[PDB]
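Remarks on the structure that follows.
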Amino acid sequence: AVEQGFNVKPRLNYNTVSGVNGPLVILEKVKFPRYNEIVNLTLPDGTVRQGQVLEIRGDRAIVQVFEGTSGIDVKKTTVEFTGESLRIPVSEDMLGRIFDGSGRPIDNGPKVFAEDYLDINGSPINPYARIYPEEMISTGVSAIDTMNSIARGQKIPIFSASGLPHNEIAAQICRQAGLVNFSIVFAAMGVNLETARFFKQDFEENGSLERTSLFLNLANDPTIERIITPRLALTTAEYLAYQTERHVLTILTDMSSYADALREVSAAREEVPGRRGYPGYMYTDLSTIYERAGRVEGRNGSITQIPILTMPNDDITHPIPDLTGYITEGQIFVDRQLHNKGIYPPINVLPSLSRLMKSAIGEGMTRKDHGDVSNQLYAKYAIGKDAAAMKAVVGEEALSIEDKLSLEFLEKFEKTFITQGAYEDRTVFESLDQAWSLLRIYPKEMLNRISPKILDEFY
Amino acid sequence: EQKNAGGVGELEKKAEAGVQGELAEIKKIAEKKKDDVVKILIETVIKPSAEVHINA
Amino acid sequence: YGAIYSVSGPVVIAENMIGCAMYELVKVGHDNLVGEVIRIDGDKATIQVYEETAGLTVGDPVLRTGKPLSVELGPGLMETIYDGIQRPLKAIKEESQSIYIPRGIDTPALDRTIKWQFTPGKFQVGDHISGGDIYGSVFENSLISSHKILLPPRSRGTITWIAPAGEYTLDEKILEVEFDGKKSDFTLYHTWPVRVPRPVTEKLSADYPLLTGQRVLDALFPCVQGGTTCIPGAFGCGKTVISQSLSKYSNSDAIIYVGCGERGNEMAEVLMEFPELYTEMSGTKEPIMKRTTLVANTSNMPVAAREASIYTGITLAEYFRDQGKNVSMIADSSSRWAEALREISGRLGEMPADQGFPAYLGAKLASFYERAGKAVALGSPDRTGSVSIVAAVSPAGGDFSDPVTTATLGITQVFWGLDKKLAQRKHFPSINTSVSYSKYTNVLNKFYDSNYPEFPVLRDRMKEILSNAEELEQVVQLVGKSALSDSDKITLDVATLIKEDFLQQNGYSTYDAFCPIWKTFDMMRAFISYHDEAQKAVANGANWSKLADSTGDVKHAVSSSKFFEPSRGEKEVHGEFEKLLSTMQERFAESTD
Amino acid sequence: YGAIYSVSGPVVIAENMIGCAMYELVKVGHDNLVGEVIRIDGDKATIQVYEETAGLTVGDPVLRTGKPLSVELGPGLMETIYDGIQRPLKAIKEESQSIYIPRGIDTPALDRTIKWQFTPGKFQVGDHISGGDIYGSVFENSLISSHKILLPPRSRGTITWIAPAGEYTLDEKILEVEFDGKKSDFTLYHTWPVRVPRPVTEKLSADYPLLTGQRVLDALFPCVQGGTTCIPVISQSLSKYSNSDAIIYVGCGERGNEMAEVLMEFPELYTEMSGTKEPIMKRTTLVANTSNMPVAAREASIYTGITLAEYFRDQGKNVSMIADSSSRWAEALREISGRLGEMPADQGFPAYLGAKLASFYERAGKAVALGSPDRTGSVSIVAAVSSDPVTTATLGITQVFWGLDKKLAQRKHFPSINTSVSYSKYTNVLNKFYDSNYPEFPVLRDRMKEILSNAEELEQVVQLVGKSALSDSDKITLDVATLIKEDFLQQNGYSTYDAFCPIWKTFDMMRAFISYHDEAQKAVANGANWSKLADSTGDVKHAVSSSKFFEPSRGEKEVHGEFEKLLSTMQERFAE
Ligand SMILES: Nc1ncnc2c1ncn2[C@@H]1O[C@H](COP(=O)(O)OP(=O)(O)O)[C@@H](O)[C@H]1O
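Chains as they are written, first to last, in the authors' numbering: chain F, 15 to 194, 207 to 485; chain H, 58 to 113; chain A, 24 to 616; chain E, 24 to 255, 264 to 417, 424 to 613.
Structure representation (structure tokens):
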């Protein structure tokens with residue numbers, strides 16, 4: 015059965031703060047400092063701010079303070095060394111609540127009655143114990159479920175620039191993320219109160235607030251607990267999905283703001299910087315965040331991770347989107363140009379990719395023609411973009427018959443297939459039928475990427 | 058909208074009625090196990106352990 | 024009291040300072056220069072000084088004040104200009120008898136000598152009074168009358184003695200709260216830490232538009248009362264003029280103009296122009312300057328004081344929101360705040376982020392722009408104020424790829440991107456309609472349905488026309504206008520007319536200084552109707568080449584509709600626009616007959 | 024016992040650590056975390072830990088193991104999923120009975136409970152034994168019939184006692200060597216540092232092609248047993272039917288579900304290279320290492336895989352080694368340099384990136400394994416990369438390159454191998470095999486390369502000038518090249534017919550396509566209009582486009598006969 019320990023461990027209070035700068039507090043003469051320990055800085059005003067030991071020396075401990083170092087006095091701040099890494103108290107009753115960045119509740123509810131104290135950093139899942147997820151989720155979005163299909167257990171972000179409706183797309187996916207009963211955990215990371223209220227309103231309207239736990243860290247919230255928010259949200263997701271055999275859909279919005287928090291912390295440590303000033307280990311940090319998805323051999327549960335991401339200047343080469351593409355399994359690319367043209371969702375399926383569509387596509391899973399239809403659509407859309415560039419450069423008359431057909435397909439594809447209203451939930455079969463109605467523009471001879479056994483059966 | 062607004066009070070009363078059983082169950086559980094939990098907590102708080110740091 | 028130990032520009036590492044807190048305020052130097060602590064290393068606490076550090080000597084005493092940078096709030100805020108730190112420029116000038124800002128002037132933040140007509144609120148003796156409750160209103164001026172005196176947000180307890188109605192100076196006690204046996208005396212003014220946002224009961228969705236009065240702005244990229252706004256653009260694009268034409272004629276009740284790193288003559292222009300303009304609000308022709316306060320930290324004034332000026336401006340705006348006023352804080356040259364942060368970080372030696380800026384610039388900007396937003400005030404009675412932030416990000420070299428511009432676009436809900444190319448041609452306000460956007464268009468449907476029902480339809484229609492003609496002109500610039508159809512030629516001509524007679528708004532002109540919402544809607548209807556009827560006429564078989572000569576009169580009447588002075592009244596200008604629409608319809612009917 | 028002095032992420036400075044050595048494994052902390060020494064400066068000795076360093080407290084002892092990062096070479100490598108530093112994931116999951124990896128797990132790298140049937144070699148007691156000599160062979164499984172266990176390299180002597188035939192484990196000695204007056208005991212397994220390459224008698228020229236299966240690669244850009252490829264589908268194709276006697280798949284920075292897909296696909300996929308369908312697991316070893324695992328383990332996984340492959344070619348087995356995402360290994364090196372504080376060079380990468388990549392790629396190559404009996408192996412390295426500094430440093434050492442074409446990948450044309458930017462510097466070495474087996478292969482390969490290059494040159498002018506009045510010959514060349522791209526180069530890897538195109542089928546398809554081009558040029562030179570020849574020879578064009586569908590299972594004699602009919606039909610149709 016369950017095992018637990020009624021144990022009391024007295025905690026050392028250190029008034030020996032050496033210096034404080036940025037988010038870091040340096041202590042002076044800690045006794046046996048413990049790495050990645052959690053400390054409680056008692057300010058002279060009496061307020062208590064949690065911390066986290068980032069680096070230790072013979073007697074020093076460079077504590078990062080989650081709630082900011084404003085007001086910390088080198089002569090009256092007392093640091094209390096708890097004796098263990100940051101552990102969130104989880105429970106099955108945590109569903110349906112709202113928590114701040116540091117895991118404390120926001121709603122008028124009480125402190126979460128603990129069911130287990132899980133370390134937020136988690137533990138590495140044995141790759142031999144991971145099940146390859148081959149059960150597609152029908153997100154309802156045509157440009158996702160038809161060309162960049164998501165499998166239940168896949169960590170696929172939403173690469174969207176600043177000011178694009180990535181919040182609307184993610185809310186839509188959360189609303190209609192059934193299979194071809208998802209519990210949701212949300213980690214707001216410096217999103218403005220408008221975006222957080224929109225997400226909360228959508229989750230309440232769609233009935234999801236009964237089975238979702240939000241970890242709201244607004245832009246007004248301190249900028250260092252953005253490093254605890256993804257870990258808290260993901261250890262809650264791991265708890266629910268694995269140790270309650272539940273299905274979890276984690277939404278880690280503003281991973282760009284998470285990486286900005288890492289940059290702020292790293293730059294105050296004077297560490298050797300990577301590209302754009304981000305820490306060298308930011309690949310490993312983003313990996314520790316993202317890689318907590320996927321199903322497991324024993325426990326019937328899945329964390330379908332959808333970390334919304336704000337690529338600055340709408341660039342993939344930027345370190346945050348680049349490393350997120352390296353770690354995660356494909357990405358959903360939201361295009362500023364398409365949004366300006368007025369399409370919703372403004373998903374550009376050319377940079378978009380889903381690494382598990384190759385397995386969850388079809389041939390008995392969803393439909394026989396799914397994979398070939400998706401490949402044909404992607405190829406003809408690339409041809410359409412090339413034809414549009416050629417027409418813009420050297421005139422539309424010079425375009426060939428194939429190029430003109432590609433332009434017509436591009437127009438009828440952006441304006442009728444990608445374009446779908448919010449709260450529209452076309453099934454994958456309806457999406458494939460619309461795709462075919464697009465592909466019937468071409469003659470059967472110019473559909474080369476379609477396998478003939480499916481072309482002759484669906485054309 | 059007026060019809061929906063009128064039912065809010067009835068819905069609130071119905072929700073309050075269903076909860077009242079859970080509050081009674083919580084009170085009964087607390088009254089039953091209060092002595093045991095208090096004894097365990099007191100016995101843990103008193104009678105301390107005394108061990109130097111493992112690395113010392 | 025510590026001692027200076029090192030000075031390098033606007034950083035003063037002061038030794039023998041065990042006990043100073045982060046962001047505490049210190050008085051660095053003999054002249055008592057105002058400084059804030061930003062880094063602590065044992066005894067030595069690195070201080071940034073909001074005053075010219077030249078002349079400082081090692082060993083100059085630095086006094087720890089014991090309180091973070093605090094702005095004094097209360098009556099007398101309105102109709103005054105302030106430095107970065109809360110210092111009145113008028114009082115500084117009259118105290119120094121000179122035209123220079125002396126180093127270390129400590130004039131009181133609010134004029135103590137002026138006596139205000141305090142009239143007690145609903146609160147009586149013995150009633151429990153929580154933070155932010157209103158216990159009296161002072162008559163500030165004819166426009167900001169009933170400057171309702173809030174209780175400090177952190178203060179609570181029961182009233183023991185409230186002052187009767189009369190005249191009181193700020194130093195005079197007005198109310199004494201007893202809380203747990205410790206009586207605290209309250210006056211007309213209360214200090215507040217600028218870094219800490221003022222608490223509110225609950226923020227609200229901003230559903231009412233900040234009518235800038237400029238056609239392009241409030242007809243294509245609306246800003247709501249309580250929405251963050253950004254105006255990127257190179258020098259001469261018109262960010263300052265848009266900010267001034269917003270603070271001159273918006274529907275905001277009170278305005279906190281912040282010249283963080285602006286030009287001195289710009290603030291002088293505001294000081295001489297606002298008293299000469301009158302706001303039709305409050306039922307009288309009261310001057311604008313009675314509702315605007317200014318935080319002038321010009322470009323050459325101390326680098327560190329730019330951050331103080333921004334935070335002081337936003338704190339004043341937050342206070343006037345807690346009072347219940349639709350404030351609209353305007354942070355002129357918000358990129359100068361980013362440059363001040365970069366300079367201070369460079370002095371500190373901190374590792375840079377992208378392009379020299381510190382790693383926390385995005386976080387600071389986000390926490391600053393999150394102060395905006397309509398919100399119910401903290402205490403009784405129920406009050407619904409709003410702070411709208413319209414900050415002019417100034418990109419380095421004119422490219423929007425600046426880190427400050429990106430970190431501002433990531434947080435602001437509106438983006439009034441200016442175009443240098445349109446600015447050069449005097450096409451003003453030079454709003455780049457291609458890249459500019461407003462995320463409040465969906466929110467404003469609930470207001471455009473109540474008033475001007477066809478406004479959103481016209482807005483999307485004109486955006487469609489402008490986008491189509493922009494693409495068509497891009498094609499024509501390389502493929503010639505030979506292949507254009509008659510409908511495409513009409514789109515080109517109509518969008519050229521829109522750009523040259525509707526989107527362009529010649530400020531500093533009698534007619535088009537303030538094109539209000541009703542005149543903007545009528546002009547918008549006239550332009551859209553002209554386009555639609557021209558396209559219908561060409562579809563009926565009439566050639567566009569002949570129709571242009573036939574309807575040049577209608578086209579010039581439409582283009583001259585912007586000359587209808589809004590001062591003639593809503594009924595008069597609406598009647599003139601109805602007559603113009605009738606004349607337009609008759610002219611097209613006669614031409615197509 | 025050294026004591027920890029400072030912890031900041033992976034790097035763990037340890038005090039009272041005199042007498043240490045660089046790159047020496049040290050058990051860090053009370054949980055015995057495995058860590059390697061990266062910088063010794065006086066008493067201090069900076070240690071990177073291959074596990075989660077959270078919870079380490081100053082004062083935790085660290086003990087020096089005295090050996091570099093040692094892989095455990097021996098029987099039992101086959102059909103085992105290994106972590107970055109050769110910790111058996113299957114054994115960890117079985118022992119811990121939990122889905123997590125316990126911190127400081129000490130499970131042995133090789134199974135110590137499985138009894139192995141050992142047959143003594145030609146060496147008899149009293150005969151002098153040399154480093155790398157084979158003193159016996161042990162049966163492992165159906166694929167590896169004789170896992171000839173070597174004596175550890177850099178060990179020698181006169182064998183004073185050799186175990187008789189029978190069943191043995193890996194903890195029971197099977198050979199005693201007298202050495203230079205100091206008795207020593209040898210077992211079925213023996214450790215070897217990953218950093219130090221396994222010795223050879225002499226590296227040889229790689230003269231036999233590694234059949235990657237893909238038409239584009241195996242035709243235009245061949246890889247030879249003992250080559251390096253720098254690949255950007265082919266992982267399984269080289270795994271299932273490449274005729275490689277063994278294969279060591281290595282994953283660095285693999286996305287978790289991609290590693291899970293590999294772990295769920297390799298056991299399922301079966302090969303019929305032997306007399307019956309037998310699993311690939313019996314042939315392969317997987318050094319699986321997802322991105323979640325420590326950066327030090329990510330950096331070490333490449334070395335573990337390459338030394339496993341080195342062992343399996345010292346056994347005399349042609350062994351491949353597919354290193355997935357070597358760019359992630361380079362990123363691990365960059366992160367380690369950032370942790371230590373070394374000044375980066377180029378795009379933030381360590382200055383010694385070229386040295387590391389050279390010291391890794393150069394481990395490949397056919398070699399005569401040291402010590403009698405004479406035997407030759409070949410580690411064919413196939414690393415995967417993702424203008425980058427890692428690829429511009431790889432291109433200096435790799436002999437083959439299959440750079441991915443972004444345009445061809447956007448067209449969903451697989452494999453999206455860039456024909457202009459790819460190369461294979463074994464096209465001259467491999468003539469010794471082409472001229473012996475398929476004499477016409479080099480000339481036709483050059484002909485196809487020339488046709489594709491001419492089409493690429495003409496396509497720019499086509500795009501810029503509309504391409505209304507191309508000459509008949511130019512139109513023929515461009516149409517032939519489009520047909521080549523659509524039929525020959527394109528290859529549906531998942532399709533049953535084109536899953537693995539054998540070298541003879543590729544040669545025959547090249548014959549058919551080049552013959553079509555020559556026939557078209559001859560027809561144009563005859564004066565007849567290509568606009569009419571298109572309709573006249575549409576039948577032949579469809580025939581050559583459908584020659585792709587010839588199932589290789591029909592047999593070399595049968596398929597080559599079918600192509601000979603198609604070429605014969607081609608000449609007959611030329612009368613039109
Ligand atoms: N809406 C407008 N109407 C008339 N003039 C304008 C307008 N906007 C800008 N200007 C002109 O631009 C100049 C000021 O531009 P400003 O806003 O200061 O740009 P910046 O802030 O980049 O210096 C003034 O000379 C003014 O004549």
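Just so you know, even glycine gets a beta-carbon here, dropped at the ideal spot from N, CA and C.
Taking a Cβ distance cut-off of 7 Å, strictly less, list which residues of the stretch 73-98 of chain E are near chain H, in chain order.
-> In summary, the residues of the stretch 73-98 of chain E whose CB is separated from some CB of chain H by less than 7 Å are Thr80, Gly82, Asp83, in the order they occur in the chain.
Check E:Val581 in the structure and name its three-state DSSP category.
-> helix
Which same chain residues, not among the five before or five after A:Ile41, have their C-beta less than 7 Å away from its C-beta?
-> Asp66
If we ignore side chains and look at the alpha-carbon of each, how far apart do E:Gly189 and E:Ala376 end up?
-> E:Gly189 and E:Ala376 have their C-alpha atoms spaced approximately 56 Å apart.
Where in the stretch 508-574 of chain E do unbroken runs of the alpha helix (DSSP H), each at least 4 residues long, occur, reported from the N-terminal end onward?
-> 509-520, 540-562, 567-573
Enclosing alpha helix (DSSP H) for F:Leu260 [first to last residue] | 255-269
What residues are listed by DSSP as bridge partners for F:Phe359?
-> F:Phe173
Cβ atoms of F:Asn29 and F:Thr92: under 7 Å apart, would you say?
-> yes
Do you know how far the Cα of A:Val34 is from the Cα of A:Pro125?
-> 19 Å
Kindly say whether F:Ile444, judged by its beta-carbon, lies nearer than 7 Å to any beta-carbon of chain A.
-> Using a Cβ-Cβ cut-off of 7 Å, F:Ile444 does not count as an interface residue toward chain A, since no Cβ of chain A sits closer than that to its own.
CB of A:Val326 to nearest heavy atom of ligand 1: below 6 Å?
-> Result no, Cβ not under 6 Å from ligand 1.
So does A:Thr263 have its beta carbon nearer than 6 Å to some heavy atom of ligand 3?
-> Judged by which ligands are present, ligand 3 is missing from the structure shown, whose ligands are ligand 1.
In its own chain, which residues sit with a C-beta less than 7 Å from the C-beta of E:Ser31, not counting the 5 before and 5 after it?
-> Nothing meets the Cβ criterion.
Answer yes or no: do A:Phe587 and A:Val581 have a C-beta to C-beta separation smaller than 7 Å?
-> Not closer than 7 Å, so no.
Range covered by the alpha helix (DSSP H) that runs through E:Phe611 | Segment: none, E:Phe611 is in no alpha helix (DSSP H) and carries neither H nor E.
Using 10 angstroms around the beta-carbon of A:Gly82, count the other beta-carbons present and answer buried if the total reaches 16, otherwise exposed.
-> exposed
For the putative contact between A:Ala242 and A:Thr543, defined by C-beta atoms under 8 Å, what is the C-beta separation to the nearest angstrom?
-> 5 Å
Can you check whether the CB of A:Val94 is closer than 7 Å to the CB of A:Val49?
-> no
Which whole-angstrom value describes the C-beta separation of E:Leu173 and E:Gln346, a residue pair presumed to lie in contact below a C-beta threshold of 8 Å?
-> 7 Å
Do residue 421 of chain E and E:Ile108 have their C-beta atoms within less than 7 Å of each other?
-> In the model shown, chain E runs from 417 to 424 with nothing in between, leaving residue 421 of chain E without coordinates.
Looking only at its own chain, which residues have a Cβ that is under 6 Å from the Cβ of F:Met281, when we skip the five neighbours before and after it?
-> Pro333, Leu335
Buried or exposed: which applies to A:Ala562, given that a residue is buried once 16 or more other Cβ atoms fall within 10 Å of its Cβ?
-> Classification of A:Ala562: exposed, given that the 10 Å Cβ count is below 16.
Quick one: residues in its chain with C-beta nearer than 7 Å to the C-beta of F:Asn474, no 5 flanking neighbours on either side, listed in chain order?
-> none
Using the rule of at least 16 other Cβ atoms within 10 Å of the residue's Cβ for burial, across every protein chain shown, is A:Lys313 buried or exposed?
-> buried
Using 7 Å as the limit for Cβ to Cβ distance, is A:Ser31 near chain F?
-> no
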